[PDB]
Every structure is written in C-alpha cells, then in structure tokens.
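Here is the structure we will look at.
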Amino acid sequence: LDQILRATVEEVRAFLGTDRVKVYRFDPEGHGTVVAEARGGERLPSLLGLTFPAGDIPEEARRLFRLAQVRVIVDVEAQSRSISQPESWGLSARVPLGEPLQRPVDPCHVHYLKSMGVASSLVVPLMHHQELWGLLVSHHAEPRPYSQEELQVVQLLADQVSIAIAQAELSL
Ligand SMILES: *[C@@H](C)[C@H]1/C(=C/c2[nH]c(/C=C3N=C(/C=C4\NC(=O)C(CC)=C4C)C(C)=C\3CCC(=O)O)c(CCC(=O)O)c2C)NC(=O)[C@@H]1C
C-alpha cells in the first residue's frame with residue numbers, strides 16, 4: 001500500500017500538475033502517517049515520514065468528507081471563517097453536498113496553509129464503502145481558479161485509487 005501509493009502521488013501530480021501532493025492514511029488509534037509526498041519547484045520541505053496528530057482535526061469538518069465528498073479550499077487570502085455552531089446536529093436522510101460551492105475553514109487552516117506558503121489548497125477524500133481509509137491533498141502557489149467540470153474528472157481519479165488502496169488492504 002505505502003509503496004503503491006508512492007507511484008500514485010507522482011502519477012496524480014502529473015495530472016494535477018501540482019507542485020506538491022501527498023497521501024494521508026489514518027489509524028483507529030487516532031494516528032496518521034504520510035506514505036507518499038511529491039515536490040515540484042521544491043518550495044516546501046519533505047514531510048514524508050512524519051506522523052500527524054488527529055487533534056489537527058476535530059470531527060465536524062471530517063463529516064463533510066463523508067457527505068460532501070468534495071473538500072475544496074478557497075484562496076486563504078479571502079480570509080474565510082468557519083467555526084462550530086450551537087446545537088446543530090442537522091438531521092437528514094441522505095442529501096449529498098447541498099452546501100455552498102466552497103468550504104470555509106476556521107482560521108486554524110488559514111495560518112496552517114499560509115505557513116506552508118500555499119495560497120491554494122485542493123483536497124480530495126478517499127473513502128471505501130462507508131469507511132475512510134486514506135485522504136488525498138494538494139498544495140501549491142496561485143494555480144489559477146479551478147473549474148467544476150475539470151474537478152469532476154479528478155473526482156473520479158480519487159475514486160480509482162480508492163480501489164487500489166482498498167484492494168491493497170486485502171493483500172496487505
Ligand atoms: C489550528 C490552530 C489547529 C487545527 C485545527 C483545525 N483544522 C481544521 C481543518 C483541517 N485541517 C486540515 C489539515 C491538513 N491539511 C493537510 O494537507 C494535512 C496532511 C495530509 C492536514 C492534517 C484539513 C485538510 C482540514 C479541513 C479543511 C478543508 O476544508 O480542507 C479545522 C476545522 C474544523 C471545524 O470545522 O471546526 C480545525 C479547527 N489544525 C492544526 O494543525 C492546528 C493544531
């Protein structure tokens with residue numbers, strides 16, 4: 001799995017022509033590791049081999065990854081702010097998306113992304129069945145706006161890998 005993804009991180013990078021793209025896996029204990037990482041003009045250091053703490057993300061945000069399955073961050077310059085809400089469990093049967101064309105994130109990510117010197121941040125969740133196995137993310141300088149039409153093409157690209165990582169769990 002970790003090896004296979006190594007070729008995926010670079011493969012997708014070619015398509016998304018993103019300078020930096022890495023895959024993030026998750027553990028039940030609340031621990032995640034980077035099993036892949038690519039760099040373009042080497043504007044950022046290699047994070048590969050670094051374990052990220054779950055605390056980095058609560059849950060309400062991850063929920064969107066389950067229902068929204070889109071994950072898109074606008075220019076951190078727009079300074080969008082999104083925090084928690086008072087008693088807002090939101091009861092629904094099953095309505096995919098049904099939210100703004102963008103996903104504002106608390107100032108937590110603002111500095112986080114900016115700290116990486118990345119104005120843009122394209123993310124894509126990798127879920128198999130009803131569970132989440134991995135997470136795809138991309139970061140780079142102003143890569144011009146993104147089209148929804150082209151986004152879909154990649155949206156499926158994230159689904160394909162979902163099969164590779166899933167089929168890998170069996171063998172691995
Ligand atoms: C802020 C000081 C602290 C913090 C809190 C925090 N994070 C989020 C949301 C996200 N954080 C990430 C982080 C990553 N990007 C990556 O590339 C990686 C490695 C693969 C990570 C871990 C992401 C993707 C999100 C989701 C936002 C999006 O739309 O993409 C939140 C929001 C939760 C909410 O809804 O309240 C918060 C509060 N993260 C830190 O690192 C600090 C400790």
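Residue numbers start at 1 in each chain; chains themselves are named A, B, ... in the order of the structure tokens; ligands are numbered from 1 in the order shown.
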Using only C-alpha atoms and all ligand atoms, find each protein or nucleic acid residue lying at most 7 Å from ligand 1; present the set as a PyMOL selection string. chain A and resi 22-24+52+55-61+71-73+82-84+103-109+112+123+135-138
Sel. of strand (DSSP E or B) residues, segment 85-167 of chain A, as a PyMOL selection string: chain A and resi 120-128+131-140
Keeping only C-alpha atoms, write the selected residues to a file as a short mmCIF file (atom, residue, chain, number, x, y, z; two decimals), in the first residue's frame.
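Written output follows (result.cif):
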```cif
data_model
loop_
_atom_site.label_atom_id
_atom_site.label_comp_id
_atom_site.auth_asym_id
_atom_site.auth_seq_id
_atom_site.Cartn_x
_atom_site.Cartn_y
_atom_site.Cartn_z
CA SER A 120 -4.40 27.45 -2.85
CA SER A 121 -5.34 24.06 -1.42
CA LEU A 122 -7.06 21.31 -3.40
CA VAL A 123 -8.11 18.33 -1.28
CA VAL A 124 -9.91 15.09 -2.14
CA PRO A 125 -11.13 12.37 0.27
CA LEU A 126 -10.52 8.65 -0.29
CA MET A 127 -13.39 6.65 1.20
CA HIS A 128 -14.13 2.97 0.61
CA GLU A 131 -15.36 3.98 6.00
CA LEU A 132 -12.42 6.30 5.38
CA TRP A 133 -9.10 4.64 4.59
CA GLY A 134 -6.97 7.46 3.18
CA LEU A 135 -7.01 11.14 2.24
CA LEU A 136 -5.62 12.95 -0.80
CA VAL A 137 -4.42 16.55 -0.64
CA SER A 138 -2.62 19.02 -2.90
CA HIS A 139 -0.90 22.35 -2.25
CA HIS A 140 0.81 24.92 -4.46
#
```
From A:8, A:1, A:142, A:34, residue lying nearest residue 160 of chain A [only C-alpha atoms]: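 That would be A:8, the residue with the smallest distance to residue 160 of chain A.
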Point-to-point distance in Å for atom CA of residue 143 of chain A and atom CA of residue 4 of chain A: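 Those two atoms sit 27.2 Å apart.
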Using only C-alpha atoms, which residue out of A:46, A:53, A:85, A:12 lies closest to residue 31 of chain A?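 Comparing A:46, A:53, A:85, A:12 against residue 31 of chain A, the winner is A:53.
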